[PDB]
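Protein chains in written order, with UniProt numbering: chain A, 357 to 497; chain B, 283 to 376; chain C, 371 to 422; chain D, 157 to 310; chain E, 275 to 456; chain F, 5 to 290.
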Amino acid sequence: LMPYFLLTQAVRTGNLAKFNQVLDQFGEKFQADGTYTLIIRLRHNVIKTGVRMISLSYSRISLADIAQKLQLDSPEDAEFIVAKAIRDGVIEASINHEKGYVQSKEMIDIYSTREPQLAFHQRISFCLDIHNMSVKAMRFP
Amino acid sequence: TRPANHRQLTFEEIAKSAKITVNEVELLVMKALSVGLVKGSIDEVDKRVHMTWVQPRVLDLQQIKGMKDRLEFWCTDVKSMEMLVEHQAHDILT
Amino acid sequence: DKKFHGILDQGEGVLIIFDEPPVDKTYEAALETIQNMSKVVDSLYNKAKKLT
Amino acid sequence: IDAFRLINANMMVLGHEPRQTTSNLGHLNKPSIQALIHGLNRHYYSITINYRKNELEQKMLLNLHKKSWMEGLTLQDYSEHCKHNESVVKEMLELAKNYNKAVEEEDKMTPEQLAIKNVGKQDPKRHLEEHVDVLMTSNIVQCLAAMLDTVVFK
Amino acid sequence: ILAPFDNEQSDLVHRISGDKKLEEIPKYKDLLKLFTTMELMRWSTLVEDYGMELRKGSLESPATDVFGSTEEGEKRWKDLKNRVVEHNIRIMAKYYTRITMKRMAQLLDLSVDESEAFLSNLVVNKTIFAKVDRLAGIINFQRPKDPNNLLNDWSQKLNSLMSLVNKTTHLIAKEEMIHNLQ
Amino acid sequence: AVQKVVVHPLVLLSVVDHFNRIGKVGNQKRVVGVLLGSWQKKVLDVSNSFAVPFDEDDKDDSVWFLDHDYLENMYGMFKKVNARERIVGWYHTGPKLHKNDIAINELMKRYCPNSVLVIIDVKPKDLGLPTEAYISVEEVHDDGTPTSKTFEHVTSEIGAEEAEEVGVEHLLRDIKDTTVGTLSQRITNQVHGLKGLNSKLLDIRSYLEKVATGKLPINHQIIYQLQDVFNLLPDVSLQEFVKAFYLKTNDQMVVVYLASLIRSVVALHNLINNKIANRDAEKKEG
């Protein structure tokens, strides 16, 4: 686990070339297990973890500050990941491209939204199934 | 006259429809609530009133046609939502 | 110290005061049943998992 | 009910057995021993009976007696139904604590003994599925009946 | 009038009403009429019509008991002022939702700070509920958060509706039997 | 004045047998009889009845007859054989509210002050409760006549009793909907009462048949309620009526989610209670 557990240590963080500090140290180990072709595409998932991480923490952050923290080396596409972050739907709110700040709206009443019932309806119907399976598997005598 | 969607008129509209100034319509509607001809609420800063109940009036053979057609598509709505119940809970009781 | 509840402002000193007893009875008195029932399924190991 | 009719005590003196059974329809219902202590069967006999039933009457006592009109298109004390959804669940915790107790004393003394012994106090196991039916139908009815008035009433 | 508000005062106006011989005074028949009815015009527009009859008639000595001891009068000028500054605040809570601070002080003809001292000692008395403001001047009446009373009062409106649709149904079927019976 | 009425199933049945006994006339007869009962605690009670001889001819249908000697002596027998029992009013078989029942009530009000009537059903088909009762109120008012009197329905239900509940539940022995669980409400008032609201929406559709073609009296006092119904039509779905609805679904389903979670564990403890009785007997018994 220790080479592969050190990989997901980099995923829960927002650093970018921390992925590169793993993929040179244990790039040979991943080809022994035959899994490298899925490993190489985690950089899409590192950057969507990070842009969710930064947008939830900072409300009104300059786009010429997020790139220096993600060691992106370029503010001119630091707008552009945020464009694909909204195109995918990670963060909602707008970008003042004239000024440079990326503002985010504060969250509102998620309790009075329908969506926790969808956390229930998956599990209401599931828990009635295992009660039925406890009936169907019982009376063999 | 207004539908049941809003029926929320403003004080400026009364200043148009009764040509009376702004500083007397509140004295007017407090009389109207006191007599009992209308039942609603009064805002003062957003300059609107939420009328809820009005006194029932009479009507001729034309407003029954309004109560004809507004009643008629309420028939099939009672039909449509019940039709699920005799189809989905049919085996629950024959 | 929660003897009074509210909020304090720094710019001009505005104390937005609000109150609600939110709900406590419905969820956490139903939450502790779940961890009681977890220990029941744990005690099912001492008459089923060991036994059959 | 058991309608009766006399038999002659003169034939009781004769020792002669009356009524000359010519059909297998009499000896269907058995008499009680207490009525047999009395004059049956030395002075009277029993009669098998039934009831004349018809749509003239049978349809119009069924479809007239147990009927209601609004008991179900209405809601039920809306601030207190959810309050009653804690008035059961609160002791259902500690009743499950007894269910977190009684299974733990199994692999023990031969549970036929666990029938005679437990007659002083309440068991969890039967009482623990008792409220589950109650905490279900109180909720599933009240949730469904509220979600039809959203459709029907505007 | 001078008694503090109570349910006992709420039928005290009825116990003194229904009197054939009380209404012989045309003034005082209107006095209790003012406080059974709707809003009372400020305080100044009333005293110009009623702060003068306390000398006239053949009735002056309990009004002299109002007038004579001036410290008894000052306790009775202001308590008569106290009941009529209160008489607005009952029904303004009842018939309004959200009024400005400037509008209420104008119907009381006194200072906006003097208005705030009036609404202070009534809601620590909790006999009129109110949630005032001192930045937008926006006060509001009978405005709790209402988590549960929405669907509760909605369920009330169903049962009032369903009791009414049963009222007409057994009233139509007889009405067809008084024209086309035989 | 009167809260409600209480009808036993005996007097419910004690009209049907008389409707059979005069059913051989064929042509036309309404069953009209004397209703006996004892109203107490402002609640109208109905206990016993019989039927009085009564005929009707169609031409000039204002000629009725009550053989009051049959009303005098048989009630005198019934006052003898049950002194707790007394008169409570009258009834008629009531298909369609016949015309003589405006002064039948005034003919025999010298016995019962609140001489209540009861309209019953002989051919049962409905979705409601097929027993109807009115009350007598009179008015010198509104618009109609100087002498005006119209009947008003006080609510009606079939009361039970510990003696007769033994009888009727033995007399049914038929298709039943007992074992009230999650399903009895679904069919007594969710399958059924939604279609019960049909014949009340369709009932006011039947008065609506006069728009330009029907009967000549128009409205006056029928539309004040109909104006109110579209006015008291409930609130639209824009407010926190949306939001507080999702709020309670997010509370009522959590109790169901806990209760269903318990249902799986209990039957699993039952599963081991069959695996204790399966494996521990095949070596023992064989």
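Beta carbons: idealized from backbone N, C-alpha and C, even for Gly.
| query | result |
| --- | --- |
| Distance CB(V36(F))-CB(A5(F)) smaller than 8 Å | no |
| Reference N31(F); option with closest CA among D232(F), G98(F) and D59(F) | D59(F) |
| Residue closest to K113(F), alpha-carbon to alpha-carbon, out of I208(F), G290(F), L101(F) and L39(F) | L39(F) |
| Own chain residues within Cβ distance below 6 Å of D125(F), not counting five before or after | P134 |
| Beta-carbon proximity of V9(F) to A216(F), cut-off 8 Å | no |
| Per-residue DSSP class, three states only, for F386(A) | helix |
| Proximal chain E residues relative to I324(B), where beta-carbon distance stays under 7 Å | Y369, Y370 and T371 |
| Test: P418(E) CB closer than 8 Å to a CB of chain F | no |
| DSSP beta-bridge partners of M333(B) | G322(B) |
| Short CB-CB distance (under 8 Å) between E76(F) and chain E | no |
| Short CB-CB distance (under 8 Å) between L162(D) and chain E | no |
| Per-residue contacts from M463(A) into chain F (C-beta, under 8 Å) | Within chain F, no residue comes near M463(A); the closest Cβ sits about 15 Å away, beyond 8 Å. |
| Chain D residues whose Cβ lies nearer than 8 Å to that of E402(C) | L249 |
| With 16 other Cβ atoms within 10 Å as the buried cut-off, status of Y415(C) | exposed |
| CB of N109(F) within 8 Å of CB of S160(F), strictly | no |
| Whole-angstrom distance between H194(D) and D158(D), CA atom to CA atom | 14 Å |
| Residues bridged to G93(F) [DSSP beta-bridge criterion] | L39(F) and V120(F) |
| Residues that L14(F) contacts on chain E, provided the C-beta gap is smaller than 7 Å | Correct list: empty, because the minimum Cβ distance to chain E is about 25 Å. |
| Rounded straight-line distance, which links the Cα of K239(D) to that of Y250(F) | 17 Å |
| Alpha-carbon spacing of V246(F) relative to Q231(F), whole angstroms | 27 Å |
| Coil, strand or helix - residue 4(F) by DSSP | This structure does not reach residue 4(F), given that chain F is present from 5 up to 290, and the question cannot be answered. |
| CA-to-CA distance, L276(E) to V340(E), given in whole angstroms | 12 Å |
| Cβ separation of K301(E) and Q229(F), assumed to be a contact under 8 Å, to the nearest whole Å | Wrong, their Cβ atoms sit about 44 Å apart, outside the cutoff. |
| Burial state of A366(A), where buried means 16 or more other Cβ atoms lie within 10 Å | buried |
| Beta-carbon proximity list for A449(A), same chain, < 7 Å, skipping 5 on both sides | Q459, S460 and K461 |
| Interface flag, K420(C) vs chain F, CB-CB below 8 Å | no |
| Residue interval of the alpha helix (DSSP H) (run including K252(F)) | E244 to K279 |
| Contact under 8 Å by Cβ, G182(D) with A301(D) | no |
| Residues that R283(F) contacts on chain C, provided the C-beta gap is smaller than 7 Å | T422 |
| Min CB distance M349(B) to chain F below 8 Å | yes |
| Near-chain F residues of the region 248 to 277 of chain D (beta-carbon distance less than 8 Å), N- to C-terminal order | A252 and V259 |
| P280(D), buried or exposed, once every other Cβ within 10 Å from all chains shown has been counted against 16 | buried |
| Same chain, Cβ closer than 7 Å to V67(F), five either side skipped, listed in chain order | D61 |
| Cβ-Cβ distance between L306(E) and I290(E) below 8 Å | yes |
| Option nearest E326(B) by Cα separation, candidates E313(E), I412(E) and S434(E) | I412(E) |
| Same chain, Cβ closer than 8 Å to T303(B), neighbours up to 5 away in sequence not counted | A297 |
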